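Asks: Protein chains in written order, with the numbering used here: chain A, 171 to 216; chain B, 171 to 216; chain C, 91 to 520; chain D, 91 to 520; chain E, 2 to 428; chain F, 2 to 428. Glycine included, each C-beta is placed from N, C-alpha and C at the ideal position.
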Amino acid sequence: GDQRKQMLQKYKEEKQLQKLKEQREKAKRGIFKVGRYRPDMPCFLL
Amino acid sequence: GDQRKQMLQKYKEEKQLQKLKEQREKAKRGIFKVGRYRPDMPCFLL
Amino acid sequence: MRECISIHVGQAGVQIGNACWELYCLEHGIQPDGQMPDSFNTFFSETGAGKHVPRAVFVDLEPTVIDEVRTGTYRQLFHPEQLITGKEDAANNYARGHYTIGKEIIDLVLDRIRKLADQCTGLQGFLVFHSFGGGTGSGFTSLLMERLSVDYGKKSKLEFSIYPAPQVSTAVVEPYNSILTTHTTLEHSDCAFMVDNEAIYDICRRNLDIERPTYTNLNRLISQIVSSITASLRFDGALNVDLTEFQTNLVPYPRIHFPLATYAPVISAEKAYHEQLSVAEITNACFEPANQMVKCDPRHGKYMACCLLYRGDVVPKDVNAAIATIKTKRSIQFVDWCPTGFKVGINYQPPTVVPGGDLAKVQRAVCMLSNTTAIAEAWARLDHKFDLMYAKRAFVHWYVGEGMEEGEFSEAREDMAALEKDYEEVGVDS
Amino acid sequence: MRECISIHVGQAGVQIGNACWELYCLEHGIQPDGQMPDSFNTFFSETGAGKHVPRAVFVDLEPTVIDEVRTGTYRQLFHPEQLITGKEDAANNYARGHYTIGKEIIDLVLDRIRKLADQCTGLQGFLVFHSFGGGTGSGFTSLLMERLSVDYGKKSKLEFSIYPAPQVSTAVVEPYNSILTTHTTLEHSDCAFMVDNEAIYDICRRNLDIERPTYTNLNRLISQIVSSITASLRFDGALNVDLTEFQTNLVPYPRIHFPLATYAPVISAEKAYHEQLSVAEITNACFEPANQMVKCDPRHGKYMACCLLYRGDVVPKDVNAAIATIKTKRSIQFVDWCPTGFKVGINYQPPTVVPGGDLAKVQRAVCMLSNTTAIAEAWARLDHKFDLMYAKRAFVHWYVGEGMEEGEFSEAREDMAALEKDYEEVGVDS
Amino acid sequence: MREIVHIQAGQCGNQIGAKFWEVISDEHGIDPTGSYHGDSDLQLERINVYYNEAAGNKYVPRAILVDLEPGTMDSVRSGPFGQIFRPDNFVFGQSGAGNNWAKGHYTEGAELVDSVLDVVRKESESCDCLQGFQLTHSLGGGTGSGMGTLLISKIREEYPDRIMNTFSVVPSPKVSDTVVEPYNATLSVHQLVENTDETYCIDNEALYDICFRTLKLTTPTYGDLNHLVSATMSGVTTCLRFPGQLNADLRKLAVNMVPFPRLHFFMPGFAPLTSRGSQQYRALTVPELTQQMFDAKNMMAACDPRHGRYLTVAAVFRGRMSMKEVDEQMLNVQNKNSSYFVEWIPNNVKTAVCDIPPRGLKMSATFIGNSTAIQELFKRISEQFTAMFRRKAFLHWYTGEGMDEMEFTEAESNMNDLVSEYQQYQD
Amino acid sequence: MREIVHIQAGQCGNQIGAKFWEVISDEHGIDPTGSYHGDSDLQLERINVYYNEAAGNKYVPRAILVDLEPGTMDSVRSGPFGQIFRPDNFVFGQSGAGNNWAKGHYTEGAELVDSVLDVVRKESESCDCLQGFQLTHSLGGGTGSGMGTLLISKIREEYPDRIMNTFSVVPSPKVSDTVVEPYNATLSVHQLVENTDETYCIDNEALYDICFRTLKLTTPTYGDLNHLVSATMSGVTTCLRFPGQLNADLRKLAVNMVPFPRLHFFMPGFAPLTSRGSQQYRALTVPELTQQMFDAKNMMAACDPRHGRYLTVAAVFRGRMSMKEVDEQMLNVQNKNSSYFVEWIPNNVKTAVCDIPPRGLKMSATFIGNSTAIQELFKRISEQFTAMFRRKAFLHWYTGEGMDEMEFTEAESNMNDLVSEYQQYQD
Ligand SMILES: Nc1nc2c(ncn2[C@@H]2O[C@H](COP(=O)(O)CP(=O)(O)OP(=O)(O)O)[C@@H](O)[C@H]2O)c(=O)[nH]1
Ligand SMILES: Nc1nc2c(ncn2[C@@H]2O[C@H](COP(=O)(O)CP(=O)(O)OP(=O)(O)O)[C@@H](O)[C@H]2O)c(=O)[nH]1
Ligand SMILES: Nc1nc2c(ncn2[C@@H]2O[C@H](COP(=O)(O)OP(=O)(O)OP(=O)(O)O)[C@@H](O)[C@H]2O)c(=O)[nH]1
Ligand SMILES: Nc1nc2c(ncn2[C@@H]2O[C@H](COP(=O)(O)OP(=O)(O)OP(=O)(O)O)[C@@H](O)[C@H]2O)c(=O)[nH]1
Ligand SMILES: [Mg+2]
Ligand SMILES: [Mg+2]
Ligand SMILES: [Mg+2]
Ligand SMILES: [Mg+2]
């Protein structure tokens with residue numbers, strides 16, 4: 171049973187690695203988005 | 171490939187020369203042409 | 091969308107298809123001339139102005155059963171390229187249906203199937219009809235299966251077959267054709283349903299108390315089965331079942347795709363009044379050994395997965411109650427590795443009754459398709475008959491004379507032997 | 091303007107012209123006597139008060155067909171000096187129609203064409219109808235080609251021809267005439283179309299389910315093709331294809347101008363009711379090797395240009411969809427040097443149905459003209475027939491007896507060999 | 002303003018969401034045509050939490066209707082209030098998963114998920130202060146379970162700091178619908194463990210049981226079940242939608258009911274639920290609401306709370322009510338049943354009070370309970386999967402679209418870990 | 002007075018111009034006969050920019066009608082609003098180019114072009130102060146491409162200090178209806194690069210995509226495509242024709258959209274575009290106009306803007322609305338999508354706002370974008386040309402009218418140079 175759980179851990183690590191690789195590839199160029207403004211908070215004397 | 175681009179440059183030069191010759195021939199006598207007055211601007215003390 | 095193309099091969103397939111299309115025309119309001127005075131788009135293609143043509147192709151190497159359609163009351167429903175005839179009948183020969191006569195007519199029917207499937211935009215699969223013992227319905231059906239598999243591939247292939255009865259069969263060379271066609275059925279079909287003629291005979295004799303029933307009642311009952319199959323797709327219900335869904339919930343292993351279709355309730359006009367037909371009792375009657383439309387004993391087998399296709403005034407309440415009561419019964423026992431083995435489908439459309447038919451109208455109807463290990467013994471006796479004929483090399487010269495060898499017989503026999511071992515090893519406890 | 095002159099030479103040309111002019115009189119409402127009980131100016135010139143005269147010339151060295159026209163229903167349509175008549179036919183001899191019998195009538199046909207051409211102001215081209223096998227349709231058509239080329243020059247010349255079949259062929263000396271006329275058609279014609287009688291018979295017997303088709307059905311189909319080609323000139327539509335536009339889009343190289351015609355839908359009245367005739371299915375049917383108007387397999391060749399001529403209730407939407415689907419299919423091969431290979435024309439005028447005809451009334455119609463390499467093998471089999479007969483010098487003395495040398499046969503053979511070599515060169519990839 | 006994007010996947014999710022929109026447009030006074038016809042200004046004070054303003058004083062739901070067959074979309078549109086939805090939000094395929102988690106997650110659902118992501122991106126960017134998403138789907142199907150699970154994964158990848166709500170109906174052994182329920186249930190619970198902020202364990206068995214004994218309803222169709230689930234959803238969101246004497250939006254419930262990030266599976270409940278015969282024999286007061294919501298009968302899961310320990314309990318009340326009365330009722334519940342509540346958390350019961358009661362009821366409440374009784378709901382699914390998994394049953398289908406048995410194995414490892422977590426926090 | 006002279010070449014150009022005059026006369030209230038019947042005085046205030054005062058309160062368009070087939074002239078005249086045109090301006094040949102660029106540029110365009118220059122001269126001095134010309138044509142054919150291109154060259158020789166807008170329909174890889182599209186497209190682009198100031202790369206396939214998915218139009222004919230093009234090229238000059246809170250003439254857009262002289266191929270767009278079903282489920286606000294404009298799916302080019310960087314974009318807004326909202330929207334688009342915008346040009350957007358919207362819409366917008374994605378729309382043409390040119394395919398025609406292979410080589414070289422320039426500035 172130890173071999174099965176070691177293979178399970180290896181599979182989980184491989185899946186995490188490929189998911190992280192896909193995320194890194196996606197994060198290089200974000201997708202085109204458009205919405206409302208979200209104005210910046212005004213600055214006050216302090 | 172350099173021979174082809176040299177021939178292309180020569181062809182462009184010949185075409186430009188012919189076009190310039192045609193322009194010079196046309197510019198000697200402009201076509202008869204009629205429009206509105208386009209009055210001259212008034213002059214002021216300055 | 092959700093189209094499905096029906097293919098009818100051989101005399102049995104063509105007659106069952108005639109009954110099926112009569113039933114469908116009654117269901118959707120189409121007159122036999124193809125007019126409607128929506129949901130019919132599953133089987134009928136709308137052409138021009140108010141003209142519906144069925145998505146069917148009828149093929150037989152002899153023209154009699156097709157010329158009946160070409161001159162019958164439904165002659166204007168189809169157009170002539172959906173009705174294909176050969177010159178010489180296969181004459182109860184798998185060889186003639188597969189190699190000699192099938193080769194010059196397969197191209198035309200495949201062209202017709204291509205032209206029909208091009209028109210459809212949501213093709214769900216094929217509904218192929220044939221008989222195991224018929225030479226055409228075995229050989230040409232196998233050829234069309236392999237051509238469809240190499241051509242269409244992932245498209246679902248559902249077929250209905252008339253499995254030869256243990257005592258009753260009209261052909262002497264029946265087991266040869268059955269084994270020869272099933273050797274390719276094992277891989278070129280996604281779900282094969284068998285309906286036994288003796289079982290329909292005694293169901294008509296007992297439930298419908300018909301003393302002298304002909305093939306018309308056979309084909310009407312089979313048409314009711316196929317209509318219940320496609321009712322979840324031609325109408326709406328509180329619980330819908332699709333063909334791929336049907337396969338996924340019914341076929342546990344790639345080689346185990348031979349479920350038993352049983353239908354309920356089948357009753358005459360006079361016995362319908364005295365029975366207050368509830369969902370629970372028709373569900374119980376579906377599991378009753380004498381109502382199975384294959385002559386086998388479910389008591390001696392184990393149910394692996396059963397698909398319950400209800401239609402009519404059916405609610406999930408009494409469906410679940412009936413399923414729980416079936417679970418609590420020890421006579422009907424399922425395999426240990428399938429704790430949940432019931433696939434359920436409820437349709438609001440009640441089953442229509444064809445004029446002149448012996449089936450009385452009922453508010454609720456059930457078409458259980460149970461995949462069980464009890465069908466292994468039918469193939470066991472079929473193998474026994476095949477071995478008895480094959481020990482003396484009887485009728486083998488007929489098949490050999492037109493391009494077949496003993497090697498194909500041996501490999502088909504060992505393929506069925508492997509299939510029997512497969513049922514034995516899937517029916518065993520873990 | 092946009093007038094085009096139709097020249098009919100030989101028996102085949104005259105009969106196809108009879109069919110064409112019957113169809114055109116039906117199209118524009120012209121009565122057989124030339125009266126209307128605009129758009130006809132392409133083919134008909136209005137003379138005097140309410141009289142229309144076809145812009146055609148009928149020439150045959152034999153009188154029989156021309157006097158059949160002169161006493162038929164359309165005797166009032168043509169004025170007599172357009173219908174040109176010799177004394178003795180060419181008698182299936184290229185030499186007779188080219189050098190001896192054709193030379194005494196060539197001046198009259200040329201000045202009649204001159205009188206017919208200066209009358210119109212926008213002459214677009216010539217539509218020459220003939221047959222390769224016949225002596226007149228080869229020799230005299232050739233002679234008229236050199237005369238038109240030296241006289242009219244840059245003006246377009248669309249030539250319709252009947253090509254001998256591999257099996258269906260009624261002339262023993264046919265290959266000689268076929269080779270000899272192509273040796274001049276190669277340079278004196280701009281886009282010579284190709285039609286084979288055997289393929290037209292095959293189409294009639296499978297699609298139009300006529301057991302016994304004659305030449306009148308053949309000419310009806312050919313006339314439908316010609317009307318589809320000239321509908322852009324004669325009517326208006328979403329996309330208009332001129333004759334020069336046609337040549338520019340269909341002919342890739344100066345010697346490769348022999349496209350394959352085809353037509354779709356070609357169905358009977360009983361067939362059209364059940365079938366749904368959409369743009370996609372007729373577009374697919376134009377590429378079906380069973381529907382080719384010439385007996386040759388497009389699979390063995392590769393397409394180089396296609397001119398989809400749509401007429402009827404056609405929108406560019408599903409035309410583009412059908413062309414994309416054709417592009418996706420791997421069976422229809424296209425050459426690499428033609429990334430776009432579909433010239434498309436949509437017309438609003440539906441195809442008119444001839445009274446008493448075999449074709450059915452349809453909303454849409456397509457005439458696909460494809461410049462494929464599949465015609466190389468038909469030319470090769472014709473060449474095999476020619477040199478088989480030439481090795482024994484059979485029938486050569488007939489040609490030599492009336493002003494023809496031995497060297498012209500060899501030079502025409504070399505010209506056809508060069509044509510095959512050119513097709514092979516343009517077939518190979520880069 | 003704290004708006005919620007609603008998503009429906011599969012037939013069950015689509016129908017439950019449709020009934021939810023029915024009941025919530027009744028609550029907010031929106032006619033089937035989408036025009037406001039209410040009486041109180043409170044119906045439009047917070048209309049933006051679910052509805053988007055359209056030109057012409059017309060309201061459209063912020064709902065995305067997703068399925069892999071057009072039949073469910075046609076059924077939703079043709080039904081009542083089906084005209085209120087925006088047509089482009091109807092993102093549908095053409096095949097249907099066919100009770101295949103693989104076909105809904107990898108092969109054909111993943112082909113359609115891009116359009117769903119585009120539409121939810123439109124809905125999230127159009128609105129000002131998004132807070133979270135609601136997804137309604139099943140767990141025994143292939144479309145709902147698998148494709149909605151993929152959708153939740155994508156949304157959490159794109160919106161990691163927004164809450165996730167999922168009203169999931171789970172298979173139960175009594176009302177067993179298909180043969181491949183455990184496969185899809187396990188594969189969906191797997192990713193719902195780490196992707197959903199809080200999940201409601203609904204099942205058809207407990208809803209049927211409610212309709213039988215509490216409602217005394219002879220023939221309850223699916224519409225009644227969807228109505229119960231819709232009432233639960235509305236009671237959960239009423240604090241956002243309507244004011245009260247003590248407000249608690251979904252983040253407050255999340256922080257007061259999820260002591261540890263993997264323990265977010267809840268048993269919903271609604272009070273009052275009455276038969277028509279017994280309506281006039283019952284007083285309508287907070288003590289009887291409290292006794293009804295805490296009854297093991299009123300739970301909407303196949304889970305007996307007496308067999309486990311309540312970690313945290315949420316009771317979202319709706320009506321004009323005393324606060325002393327509710328608080329004393331919570332004390333009585335937590336003191337008479339000190340053995341049924343977890344002991345290292347004092348104050349196991351959270352209270353939220355909204356002053357706008359549901360239509361036709363002067364007083365109502367919603368029960369949400371984070372309990373260790375979810376463990377047997379997961380264990381029955383796990384043991385059914387195990388029974389089907391030694392013999393490698395029906396795996397050829399799922400392996401046909403491109404998974405491996407190792408994915409299944411890690412799924413049951415995750416589910417068994419969740420069961421062990423619930424057991425060890427039960428003590 | 003900021004006058005525009007309209008020229009139509011080819012069947013496509015003539016039909017698009019017919020729909021353009023339809024929509025223009027609708028905006029300024031000119032009936033089919035040619036007389037004013039509008040209600041607002043702003044319709045007549047700037048009526049001169051496209052029309053000429055006839056005798057008797059009658060207006061005649063400043064349009065030149067050029068073709069080599071009389072059939073298109075007859076079809077245009079017989080259509081609605083076809084009678085407003087001056088019969089003198091109809092300049093037509095008799096033969097037709099037959100999809101031959103060589104013929105329409107050298108052989109039969111040579112003698113037909115003198116009449117067109119005569120008519121455009123008479124129109125040029127008939128006006129007070131013109132700013133440039135507006136040619137409509139397609140690149141696939143020979144009359145359109147070759148005729149309009151030679152015409153463009155002659156105009157720029159005579160009027161080199163005036164604007165020159167070409168709303169030229171370019172061929173597409175999917176919707177290809179002539180076999181020699183690559184030759185004509187390359188030859189025409191060779192001189193559109195150097196002889197015009199703004200080129201709007203309309204294509205048919207993107208118009209079909211708009212009609213399919215945006216408009217949900219079942220059977221889009223050429224009427225709808227020409228309607229789209231007409232609406233866009235009316236919104237381009239609405240600032241000329243109507244008052245606004247921020248004016249922008251053709252020269253101002255030319256300045257703000259052309260950083261370098263060779264990059265003037267723009268990808269146009271329109272907003273709002275709704276189906277009939279989704280008409281009432283959509284709010285009409287500036288943010289959703291911006292959403293539809295900047296959607297890569299709304300473009301009328303065979304280009305994906307996500308595949309390149311926007312150099313400059315133009316938003317010629319129309320209707321009564323606020324400048325604050327418009328300009329913050331443009332800013333927001335630039336901020337969250339800095340990867341899709343060029344970095345050495347801050348404020349990539351230029352904004353114009355007009356007061357009078359298109360009829361039937363209370364506000365609208367016209368998108369114009371100078372993007373680097375045009376490079377691949379030219380690469381597909383270039384590679385089709387290269388495939389057709391290695392084998393000398395179809396070249397005996399073009400060589401037949403005096404053209405030589407050297408002109409094909411220089412056209413290919415010029416197009417490759419422009420593609421290289423766009424790639425260089427994309428980075
Ligand atoms: N409470 C409800 N349960 C429902 C409803 N409809 C179906 N179901 C139950 O959910 C299960 C069926 O799941 P779905 O029909 O949602 C399967 P889905 O469409 O998501 O996948 P495919 O059918 O494979 O495309 C089964 O237990 C049904 O009894 C409903 O309206 N309400
Ligand atoms: N968007 C539109 N494209 C059109 C329209 N009419 C034609 N076309 C397109 O134009 C292209 C061909 O150009 P034209 O038809 O204008 C050919 P032109 O008359 O300029 O030259 P010739 O006819 O070859 O002398 C082809 O892609 C057609 O689809 C129309 O109304 N709208
Ligand atoms: N249930 C049912 N079975 C039928 C019917 N007609 C024929 N069969 C069965 O078909 C078997 C023989 O095959 P057929 O269909 O008659 O003939 P075929 O398929 O054309 O093949 P060939 O014998 O070569 O002509 C018989 O054993 C019958 O059991 C029918 O109408 N209903
Ligand atoms: N398709 C078609 N082909 C025809 C028709 N009439 C003749 N032909 C073909 O014409 C070929 C022979 O040439 P003909 O037209 O008959 O004779 P011709 O052209 O007058 O030349 P001569 O024989 O010298 O008089 C035959 O092979 C036929 O195939 C017709 O009506 N339709
Ligand atoms: Mg038979
Ligand atoms: Mg003759
Ligand atoms: Mg489903
Ligand atoms: Mg033209």
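What's the C-alpha gap between residue 287 of chain E and residue 130 of chain C?
Replies: The straight-line gap from Cα to Cα measures roughly 55 Å.
Asks: Taking DSSP as the reference, what is the three-state secondary structure of residue 327 of chain C?
Replies: Residue 327 of chain C: coil per DSSP, three-state reduction.
Asks: Would you mind telling me which residues of chain E sit closer than 8 Å to residue 178 of chain A, beta carbon to beta carbon, in chain order?
Replies: Per Cβ cutoff of 8 Å: 407, 410, 411, 414.
Asks: Give the interface partners of residue 388 of chain F over in chain D, defined as CB-CB distance under 8 Å, in chain order.
Replies: 426, 427, 428, 429, listed in chain order.
Asks: By DSSP's criteria, residue 319 of chain F is part of a beta bridge. Which residues make up the other side?
Replies: Answer is F:355, F:365.
Asks: Is any non-hydrogen atom of ligand 8 found closer than 6 Å to the C-beta of residue 144 of chain F, if you look at the structure I gave you?
Replies: Within the cutoff, so yes.
Asks: Could you tell me which residues DSSP pairs with residue 454 of chain D in its beta bridges?
Replies: Per DSSP, D:402.
Asks: Can you determine whether any heavy atom of ligand 7 sits closer than 6 Å to the C-beta of residue 212 of chain C, and answer yes or no?
Replies: Answer for residue 212 of chain C: no, Cβ out of range of ligand 7.
Asks: Less than 7 Å between the C-beta atoms of residue 225 of chain C and residue 182 of chain C, yes or no?
Replies: A contact, by the Cβ cut-off of 7 Å.
Asks: Whole angstroms are fine: how far does the CA of residue 20 of chain F sit from the CA of residue 228 of chain F?
Replies: Computed Cα separation, rounded: 6 Å.
Asks: Closer than 8 Å is the cut-off here; do at least three beta carbon pairs connect the region 390 to 410 of chain F with the region 335 to 343 of chain D?
Replies: Contact between the region 390 to 410 of chain F and the region 335 to 343 of chain D is present, because at least three Cβ pairs lie under 8 Å.
Asks: Would a C-beta distance cut-off of 7 Å place residue 351 of chain E and residue 257 of chain E closer than the cut-off?
Replies: Contact flag set, yes.
Asks: Quick one: using the 10 Å Cβ neighbour count with 16 as the cut-off for buried, is residue 108 of chain D buried or exposed?
Replies: Result: buried.
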